[PDB]
Amino acid sequence: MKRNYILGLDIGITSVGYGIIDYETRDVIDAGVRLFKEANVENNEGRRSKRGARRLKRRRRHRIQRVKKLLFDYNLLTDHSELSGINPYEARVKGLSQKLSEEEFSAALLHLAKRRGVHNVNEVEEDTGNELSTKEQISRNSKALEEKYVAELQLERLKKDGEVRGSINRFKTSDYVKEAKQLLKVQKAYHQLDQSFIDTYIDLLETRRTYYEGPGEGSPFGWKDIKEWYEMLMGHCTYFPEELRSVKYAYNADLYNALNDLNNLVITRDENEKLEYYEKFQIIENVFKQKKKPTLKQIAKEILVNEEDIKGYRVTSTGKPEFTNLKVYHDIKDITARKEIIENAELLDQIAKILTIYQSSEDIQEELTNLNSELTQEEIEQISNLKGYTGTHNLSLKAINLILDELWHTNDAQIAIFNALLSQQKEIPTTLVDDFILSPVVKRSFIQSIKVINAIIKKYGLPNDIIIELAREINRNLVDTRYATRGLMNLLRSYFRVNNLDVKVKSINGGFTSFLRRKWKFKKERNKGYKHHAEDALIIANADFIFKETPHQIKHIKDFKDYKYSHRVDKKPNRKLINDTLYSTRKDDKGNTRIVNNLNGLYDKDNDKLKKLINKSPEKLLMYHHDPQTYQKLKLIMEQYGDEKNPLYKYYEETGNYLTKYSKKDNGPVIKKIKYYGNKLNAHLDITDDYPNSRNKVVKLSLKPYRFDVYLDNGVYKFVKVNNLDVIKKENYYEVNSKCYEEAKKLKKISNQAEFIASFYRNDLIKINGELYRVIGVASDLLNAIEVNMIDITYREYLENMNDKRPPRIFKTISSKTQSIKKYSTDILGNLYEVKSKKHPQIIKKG
RNA sequence: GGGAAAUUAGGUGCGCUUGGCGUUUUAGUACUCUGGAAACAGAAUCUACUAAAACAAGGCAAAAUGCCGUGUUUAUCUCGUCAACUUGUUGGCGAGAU
DNA sequence: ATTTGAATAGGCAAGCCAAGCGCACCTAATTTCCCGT
DNA sequence: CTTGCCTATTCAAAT
Ligand SMILES: [Mg+2]
């Protein structure tokens, strides 16, 4: 409306506060908070890490299947071949001397390809008894294999230590290939197999993709070839967008940086203080092309002037004068000093590019040979083994080759030479943040902040001033100096400037607000609720009044009530579906399926889990039923060393021997985990068909919710949970599964004559028996409970300020007792609306 | 006061390539029980090792260093319009209401 | 008068860590340059 | 740290 105002903003990690104030009177108009989930780097790190893991497991499986096909082709494996009881460590060690059977031979080759070592680990030759260090383990093993093969060492441990697998099982692929070559050398005699077989098999075994190949064809994450790969990555020029930067060590790029140094030099001479063309020419030719690292003495001699006269040079942290080093010139000169080659800039830029862009020597050699030069194959092979070619210059070659003559002649700054030689928008576009790169956290707070400003400009018209305060991860250091804060205000100032809108964007320092709170006696406390973020914003906005022209104004701020909250609602499909862990099940005495649990860490000083379990519930142990003799043997220990936390710890401490299974001759194995009956099985995902002939049931737990759809059925409120498992990707859209959905309604006994009321997503707003909350989820589908939270404060904090000691969670049962359920919604500003729903639930979701 | 480049040292993010593990099932062997002079047969499925297989539910693809599946964006409803495939819904744009 | 069912309180558990690579951007120190308060 | 979901405990209503 007509009235003119200021807009405060308190940008935060989870929140954007906003405050709006009359420009004349400084009375509060409005104020509110927009709350969101902190954008944690952990989240995407998770997504990426798991995508990596899925490819590793896919590639192992596909390598095993490529081996099998080769064994089918050379008629060593069939559909009806018994590989079942063939110890491959025996077969590996046997087949390095004697004839294997086709089955033993197939067993062995398949065992090698499954598990084939590292390829990128060099010796450290150090041992500080670190179990988890790959480098230290790889080295300890390298020593063990001086005289023997991996399978020899592996069979030795199987027999001495009783086991092979684990942390000590870390070997180099080259150690495995040495074995395979020997195995195939012996076996070639007795089996019909040829050099094609042997070459093929070792390729399968040793080969893997490189970091600069990346995925195969289909991938959204892939790329066609190395240049595409590098082009995608590298940055763009400042003065000529749509041109990729130069590589750091191109001849013209280093020569550019060389000239700027010399142009900066100031000398106390009778003639001109700055260097002349001829002087610069002879300095470059005699110093920068002769000496690898120019020194001030060597420059001083060429001029024929004392060192102290020359001033205005780059200085190392130590104190030495620093001058640019021509990398490529020297690198190639050192290989071959032919004037045809090393006095040709265009070639020396090409060689540099190739050396930066290509990664392996054998790729560089081809790319140089295709370059069609006067270089010899001997020279090319030396070039291809050069190091340290990375990175980019800030300018493109286009930009450098433009101004190289001006730097040669005039003693000018680069900026001076380049100096010499949004309007269609209605609202602030949110893509502009994406242009410049930020912390994932901050990028989210900012996208929200622009969406919040847009919504105010719409509702109230343009502000006179906008003011900003970011959260920190009488004095005049108020203008905030952080890359993000600068970035934001540059975005905004640009926008208003272009579209010709008189708006004064500003900022103030994080600390400053706190000072005014102390000054005007206004205690900050998260205790109260989310309102603190908003009443930060209103303070910021009143600092604007102080930076133009008090009890009464701050009385308005402090006594103000009509705050507004806008929690963001997540509707994204295909989030995490379920928890990773797998659980076995068992039917107990009463005929109840139960999850099986495990007690690990039995021999730890402060672990009372088993002692608690034995005293409470001895019948929950599976060995209570199944190994009674070992049970009685364990009970005598618990009675012996009752007084301590962990009776078994004393058993290990005093005698120096882990607890073994009962046996007549004292040769039962150690006990290291104990299985016992845990919770009853209700809500689960059944994965038992992945395990053919599993006796019991194999399950996963924590079905994670997508939404719940409320229905009103003959005066009774009811609801369905829709799981994320119930939602399925099609071509360009997700679909809620119809069969799962009608099944779900049937377990809930929801009639065909029942009216759909609403769908509730996470953070959707719900009014239950006249009380408004935000939705968290479905506590129990079966019992018909939904977890909610409060709006203005977390229920945890509501109980703390009360000093109440209940559980800090709200659960609400939806039942015949429930009288009304209504859905509400807020705009981004927190204006609240009772909202209408469609006639049916949503099935398609294009976003 | 703001912006820019170079050098050295560290950090952050996106992406890629690997390795040993871990969870779980089936089998074998050891441990237990029963029978047998013994080999061994059966019972038990508990404790341990080894192999093979699965590991967000799934979806493609078809001999292939094969590919995707946990991130980001995300108040609601109506009308107009363009589009989409699911053929009456849900996306973009615009307008309105809540 | 005792037993059965609802509601509230109480509590448990959730995959991991080591090796390598590209590019981008930030900070700090030092020197120089270009615009202006 | 939060959330999905089970167990156990306490009080009121029905046989
Ligand atoms: Mg705040």
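So you know, we letter chains A, B, ... as the sequences are listed, proteins then strands, and number each from 1.
- Each of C21(B), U70(B), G15(B) was ranked by its minimum atom distance to the side chain of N169(A); first place goes to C21(B).
- The side chain of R444(A) contributes an N or O atom lying less than 4.0 Å from OP1 or OP2 of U72(B).
- Between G66(B) and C60(B) there is a Watson-Crick or G-U wobble pairing whose two distances both come in under 3.5 Å.
- Scanning atom types as modelled, no donor and acceptor separated by under 3.5 angstrom connect the side chain of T134(A) and the base of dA19(C).
- Atom P of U74(B) sits at a distance of 30 Å from the matching atom of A56(B), rounded to the whole Å.
- Nucleotide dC6(D) is matched to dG10(C) when pairs are restricted to Watson-Crick or G-U wobble geometry with both distances under 3.5 angstrom.
- Groove contact for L56(A): major, since a side-chain heavy atom lies under 5.0 Å from an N7, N6, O6, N4 or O4 of a paired base and none approaches the minor-groove edge.
- Candidate nucleotides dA14(C), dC33(C), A6(B) were compared by shortest atom distance to the side chain of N264(A), and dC33(C) ranks first.
- In this strand, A56(B) does not stack onto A57(B); the six-membered rings are not both under 5.5 Å apart and under 30° in angle.
- With centroids closer than 5.5 Å and planes inclined by less than 30 degrees as the test, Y833(A) and the base of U98(B) pass as a stacked pair.
- Set against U24(B), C85(B), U74(B), the side chain of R568(A) has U74(B) as its closest nucleotide.
- Backbone-only engagement by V164(A) is indicated by non-hydrogen atom pairs under 4.0 Å involving sugar-phosphate atoms exclusively.
- Aromatic ring centres of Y706(A) and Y761(A) lie closer together than 6.0 Å.
- Side-chain to base pairing of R209(A) with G66(B): no donor and acceptor N or O lie closer than 3.5 Å to each other.
- Judged by atom type and distance alone, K57(A) does not reach the base of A54(B) through any side-chain donor-acceptor pair under 3.5 Å.
- Of the candidate nucleotides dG4(D), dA9(C), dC6(D), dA9(C) has the atom nearest to the side chain of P807(A).
- Aromatic ring centroids of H111(A) and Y89(A) lie under 6.0 Å apart.
- Between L233(A) and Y239(A), the residue anchored nearer the 5' end of RNA chain B, judged by the nucleotide with its closest heavy atom, is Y239(A).
- When both distances must be under 3.5 Å, the Watson-Crick or G-U wobble mate of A27(B) is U50(B).
- Nucleotides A84(B) and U89(B) qualify as a pair under the Watson-Crick or G-U wobble definition, both contacts being shorter than 3.5 Å.
- Both conditions of the stacking definition, centres under 5.5 Å apart and planes under 30° apart, are satisfied by the base rings of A52(B) and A53(B).
- Here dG4(D) is the nucleotide among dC25(C), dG4(D), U23(B) with the atom lying nearest to any side-chain atom of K704(A).
- The side-chain heavy atoms of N263(A) and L407(A), taken from C-beta on, include a pair separated by under 4.5 Å.
- Shown here, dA28(C) forms a base pair with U8(B); the pair counts as Watson-Crick or G-U wobble because both key distances fall under 3.5 Å.
- Applying the Watson-Crick and G-U wobble criteria (two distances, each under 3.5 Å), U81(B) pairs with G92(B).
- Counting only heavy atoms from C-beta on, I844(A) has its side chain closest to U89(B) among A75(B), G13(B), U89(B).
- Listed candidates were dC23(C), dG22(C), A53(B). Nearest to the side chain of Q65(A) is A53(B).
- Base pair annotation for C21(B) with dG15(C): paired, by the Watson-Crick or G-U wobble rule (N1-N3 plus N6-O4 or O6-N4, or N1-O2 plus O6-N3, under 3.5 Å).
- Applying the 3.5 Å distance criterion, the base of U65(B) shares a donor-acceptor pair with the side chain of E213(A).
- Between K293(A) and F323(A), every side-chain heavy-atom pair lies at or beyond the 4.5 Å cut-off.
- No donor-acceptor contact under 3.5 Å links the side chain of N831(A) to the base of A75(B).
- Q842(A) comes within contact range of the sugar-phosphate backbone alone, with a heavy-atom separation under 4.0 Å but no base atom that close.
- Side-chain proximity of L703(A) to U65(B), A57(B), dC5(D): nearest is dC5(D).
- Side-chain contact between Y256(A) and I403(A) is present, with at least one heavy-atom pair separated by less than 4.5 Å.
- Note on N394(A): only backbone sugar-phosphate atoms sit closer than 4.0 angstrom, heavy atoms only; bases stay farther off.
- Ring-centre distance between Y631(A) and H626(A): not below the 6.0 Å cut-off.
- Considering only the side chain of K664(A), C33(B) comes nearest among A54(B), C16(B), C33(B).
- Between the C1' atoms of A61(B) and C68(B), the separation comes to 11 Å (whole Å).
- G71(B) sits 15 Å from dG15(C) when the P atoms are compared, rounded to a whole Å.
- Of all nucleotides present, none satisfies the Watson-Crick or G-U wobble test against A56(B) with each distance under 3.5 Å.
- Residue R115(A) is classed as a sugar-phosphate contact, given heavy-atom separations below 4.0 Å to backbone atoms only.
- With hydrogens and angles left out, the side chain of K661(A) and the base of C46(B) share a donor-acceptor pair within 3.5 Å.
- Among the atoms of the strands shown, only primed sugar atoms or phosphate atoms (P, OP1, OP2) are found under 4.0 Å from some heavy atom of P705(A).
- Taking every side-chain heavy atom of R48(A) into account, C16(B) is the closest of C55(B), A51(B), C16(B).
- Remark: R48(A) fails to qualify as a cation-pi partner of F221(A) under the 6.0 Å distance and 45° angle criteria applied to the six-membered ring.
- The nearest heavy atom of RNA chain B to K700(A) and to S825(A) marks one nucleotide each, and the one closer to the 5' end goes with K700(A).
- Using a 30° and 60° split on the angle between ring planes, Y212(A) and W229(A) fall in the tilted class, from 30° to 60°.
- Looking at heavy-atom distances under 4.0 Å, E131(A) makes no contact with the nucleic acid at all.
- Backbone-only contact: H393(A) has heavy atoms under 4.0 Å from sugar-phosphate atoms and none from a base.
- Base pairing of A37(B) is not made with any nucleotide, judged by Watson-Crick or G-U wobble geometry with both donor-acceptor distances under 3.5 Å.
- Atom name P, nucleotides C14(B) and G69(B): the rounded distance is 16 Å, in whole Å.
- Remark: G2(B) base-pairs with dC34(C). Criterion, Watson-Crick or G-U wobble with two distances under 3.5 Å.
- Within 4.0 Å of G166(A), counting heavy atoms only, lie sugar-phosphate atoms of the nucleic acid but no base atom.
- Here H111(A) lies in heavy-atom contact (under 4.0 Å) with sugar-phosphate atoms only.
- For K576(A) and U70(B), a side-chain-to-base donor-acceptor distance below 3.5 Å is absent, hydrogens and geometry of angles not being considered.
- Base pairing of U76(B): its partner is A97(B), meeting the Watson-Crick or G-U wobble criterion (both donor-acceptor distances under 3.5 Å).
- Counting non-hydrogen atoms under 4.0 angstrom, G46(A) reaches nothing in the nucleic acid.
- Separation of the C1' atoms belonging to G13(B) and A63(B) is 39 Å when rounded to the nearest angstrom.
- Among the heavy atoms of the strands, none lies under 4.0 Å from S780(A).
- Under 3.5 Å, the side chain of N44(A) and the base of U72(B) form no donor-acceptor pair of N or O atoms.
- Rounded to whole Å, the P atom of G22(B) lies 14 Å from the corresponding atom of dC17(C).
- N598(A) comes within 4.0 angstrom of the backbone, heavy atoms only, and of no base.
- Within 4.0 Å of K721(A), counting heavy atoms only, lie sugar-phosphate atoms of the nucleic acid but no base atom.
- Within 4.0 Å (heavy atoms only), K248(A) reaches sugar-phosphate atoms of the nucleic acid but no base atom.
- Only the P atoms considered, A38(B) is 15 Å distant from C31(B), to the nearest whole Å.
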